[PDB]
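Only one chain is shown below, in structure tokens, and it's the form deposited in one PDB entry.
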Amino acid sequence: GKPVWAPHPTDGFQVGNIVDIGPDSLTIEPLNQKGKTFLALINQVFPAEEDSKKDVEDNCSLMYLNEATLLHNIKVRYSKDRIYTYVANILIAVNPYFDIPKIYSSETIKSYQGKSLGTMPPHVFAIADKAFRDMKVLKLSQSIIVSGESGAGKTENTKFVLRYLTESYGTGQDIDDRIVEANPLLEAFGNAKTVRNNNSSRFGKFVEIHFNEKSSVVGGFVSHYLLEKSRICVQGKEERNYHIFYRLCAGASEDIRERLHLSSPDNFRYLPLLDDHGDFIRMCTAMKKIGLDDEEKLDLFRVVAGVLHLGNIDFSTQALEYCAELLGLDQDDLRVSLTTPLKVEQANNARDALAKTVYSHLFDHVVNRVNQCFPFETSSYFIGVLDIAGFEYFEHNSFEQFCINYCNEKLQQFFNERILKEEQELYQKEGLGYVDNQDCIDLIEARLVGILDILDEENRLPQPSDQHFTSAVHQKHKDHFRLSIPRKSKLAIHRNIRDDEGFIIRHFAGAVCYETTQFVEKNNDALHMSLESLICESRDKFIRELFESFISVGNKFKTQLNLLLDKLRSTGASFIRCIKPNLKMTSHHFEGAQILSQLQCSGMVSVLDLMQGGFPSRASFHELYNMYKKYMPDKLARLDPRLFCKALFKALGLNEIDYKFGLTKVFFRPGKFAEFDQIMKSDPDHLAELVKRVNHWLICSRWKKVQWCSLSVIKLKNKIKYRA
């Protein structure tokens, strides 16, 4: 029969033919591989678009909207350097891994201003404009949630959003500049080279642009989440510490270099297409532009350098001299603090915990300092852009992944609620007529009985243990639908993990097996009081002000996340789903299964499932008229897309169940657009005959349209007189 899409282990889907049908699974022959057969579940074989060469800007224009046809549409577009595609209001953005021309220019920015979604090609600029327009018209704060794996393109698209908004609707001066320079400055202190991203954000952010009642920019505000503390001291083989460290070492003047006792990064225990020298220059530029004087800039530099030398003390004399000097401490006070009777391992961890605490508090200071550069007393609305990593494959899932996957559960719920709301409003407006993950959220975060609280309890015990904590989780949530023991896994390596050494959580994106070693220690952000007192009595004013025994990481983040959701829930929301095409940072390399998996994990396939419940195919009268006028008589091709479509509906006699003539679009039940396309592609003469028998009605419709239009103009004329 007709070719169909069927699973492919590396392409996600492949073309094949159904050669046999079973009650559970179908037999598929891959295209041209006669003799080769394989089995697929019925629910994993999908109809394909007859035209395999076309692409559509909005996936709702496909005759068959499923995960396979969507994968293919996005694939075609990507191969033509069209990285952006809609699923109704949702933007899918595939990372190109190269600089595509024209599409980010200031002149392109201008072409997007004031345009409705779908009047211009899909773009991050269009999502940004709709958010400004909705804020102004609806008088409602707005959020743009940009999601995806590390290296998917979240930070870049966030920066495109902020470029667009300031250029289009900014003040003209000096606050616009500070909005676009804020993040690159934060990236110095919060970004790092990882194995997934050369410029990975090791923190989450919500960046708000605030407006007055006249929807004019009055300020900005940045919230930050979960700075990766462990990277400060140790990093993986093919990874780096935060950019600042290398930028300072590379680009500082000889004067600063002597003051801070700096060398090449290879002289520091804590430490290419990476231009550290150039980036330092750009950083100083940003710093001056946002209003940092050289004193503050150097106060920042000294602390950074102080942390570097601190890491050079192993259990050194010169490093101790430099560190105590820069951090404003007495050498002896510091030496004692790192050794009071301690073993070598305990001494390393004291030095490391101080370095982490100092740096993290510096990052808090830098984020606050940035907010101090575009402050506001009051505002009416904001447009906020959320840039945080979601679920992603790790071979070992520890506490960091636990926190990020918990965040994803809460944000995915918001997305689910919002996408449902958007669809309901459409069906009601046009006259067309779920499974929460709250239980998984509750497992993690509920007071007293949730994992976060159980973890905190362990931290407070006289002898905390990862194993005691893990067992407490398993006993409390033995029968929870979302919780499982590793030895139940289908994968051998999970089964190697003892009951008290991990657990499985059935997250939105799929089961995750957590190894719980180090959960207790990772949940604690506190610094020992012997170390905190030391740094609090620094001869230096700046080091004292950074700071002016247990602190829960998980519950601190829960508080932050709940505040974020309060904000998000008060906004109208738009969603950009970013997609990493491969694991190699290379352009023109579309890895179908990797991309398919992202589409599944981020909830897009679920969104498609929802739309198959109603009218998944949606086409404007203009789009249809352009597609099908060539099949009709010249007389009909001379209308007027609305009347053209009206005449088709009348001539074909399309039923009210399958076809909805909307306010501006035709809405089709599943399979019905394909049936309509089929009707249009037969049988020229019979089609002509169907139009013929509708002729009188069509002439009358034409008459009345113009007759009732002139009556409208008379009433409008008379109204203007009534008002005068």
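All residue numbers refer to positions in the sequence shown, first residue = 1.
Where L643 is followed by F644 in the displayed chain, the model omits none of the deposited residues that would sit between the two. The segment from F376 to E377 is modelled without interruption, since every residue of the deposited sequence in that interval carries coordinates.
The deposited model assigns a higher average Cα B-factor to 618-626 than to the other stretch when 101-109 and 618-626 are compared. When 649-657 is weighed against 228-236, 649-657 comes out higher, by mean CA B-factor as recorded in the entry. Highest CA B-factor among the listed residues (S570, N199, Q438, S316): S316.
Between the residues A350, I145, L91, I419, the entry's highest C-alpha temperature factor is the one at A350. Sorting the modelled residues of the chain by their CA temperature factor places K490 in the middle third. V137: CA B factor in the middle third of modelled residues in this chain (values from the PDB entry).
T10: CA B factor lies in the lowest third for its chain, per the PDB record. Compared with the other modelled residues of the chain, the Cα B-factor recorded for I244 ranks in the middle third. Among the modelled residues of the chain, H365 sits in the middle third by CA temperature factor in this PDB entry.
Keep in mind that the form deposited in another entry is missing from the display, and what follows is about it.
In the motion between the shown form and the other one, where one rigid part swings relative to another, the hinge among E591, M627, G613, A40 is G613.
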